[PDB]
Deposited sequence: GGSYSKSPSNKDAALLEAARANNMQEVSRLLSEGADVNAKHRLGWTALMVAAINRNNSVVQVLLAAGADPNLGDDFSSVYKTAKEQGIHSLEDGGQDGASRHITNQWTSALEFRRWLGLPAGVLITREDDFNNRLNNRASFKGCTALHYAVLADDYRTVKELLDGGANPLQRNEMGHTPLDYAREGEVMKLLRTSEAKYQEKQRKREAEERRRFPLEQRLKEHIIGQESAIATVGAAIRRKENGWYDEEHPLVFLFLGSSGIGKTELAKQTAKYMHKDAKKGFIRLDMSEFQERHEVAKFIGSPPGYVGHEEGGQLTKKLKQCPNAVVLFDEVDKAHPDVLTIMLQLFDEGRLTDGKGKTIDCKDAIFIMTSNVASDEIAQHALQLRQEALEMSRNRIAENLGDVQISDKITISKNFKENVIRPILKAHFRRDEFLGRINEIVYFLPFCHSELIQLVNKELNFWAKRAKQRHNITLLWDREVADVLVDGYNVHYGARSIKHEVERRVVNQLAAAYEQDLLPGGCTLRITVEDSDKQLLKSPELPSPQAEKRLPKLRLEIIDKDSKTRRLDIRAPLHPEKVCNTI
């Protein structure tokens, strides 16, 4: 008890997530508060904890879910359960949850989800892209979210009252991103309850049933990044590549402050972080790989990126001559 409490206080989940997620402070704060509430025993054991993650594309929803799963279960693969709801676009596909009835092909195998949950009753379940499921498939989750009960095709009931369920979608993402015009309001010169009652009609229009929505403990809103968070993302990506280069080939990598400013221009609000990822890859790592194959990067050398309308690489001082693949 004492060691767990001391470790949690010393290195909170919220500080652990911040290492991997940039921004999203209100989502981090909500998930951390719920998690901490559960861990300290201040939770009802009858009803499992359920989250729904909403916002635009590529802003860390599945990332946050993965980090939460890793934190809850340090490494156990069975502790984290993935479900790509995009494979459940038809009603009949719900059989994958619980398996076929008696007398039907595949009956001897129980429900896949039932088996997975049985292997780890307190696992973290991620229904990714839940809006891509057929809405009759979501009906199977009514008892799962209310009481953590699920009966396979063989009549065996699974108890998962202590599990944590996370759903992710971008259902209201235009309306959430449009409400980030509150960042543009500049009053000196974050989502309101009444906005959540404008985001509701959209949720019921998609997720047809009020008894489904009334089962979720928390709706988490992920906002579009502000300019500083874009700079942080670019720096994070460059640091990742620098670490990889240093580890693999002992190459030291440096970049001026203006490199991030140049790179952020590739940001696409419709795609989020992955846009920055692709931009950095395309217009830095391509040059890096071309130089490496050309053998212009001796082990232990120092490479610094300089800023033009394009990006140049200096081998500790001289400009590295760009190789010619076409010869």
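- Coordinate coverage of the deposited sequence breaks at 1-203, 393-412, 551-584, these segments carrying no C-alpha atoms.
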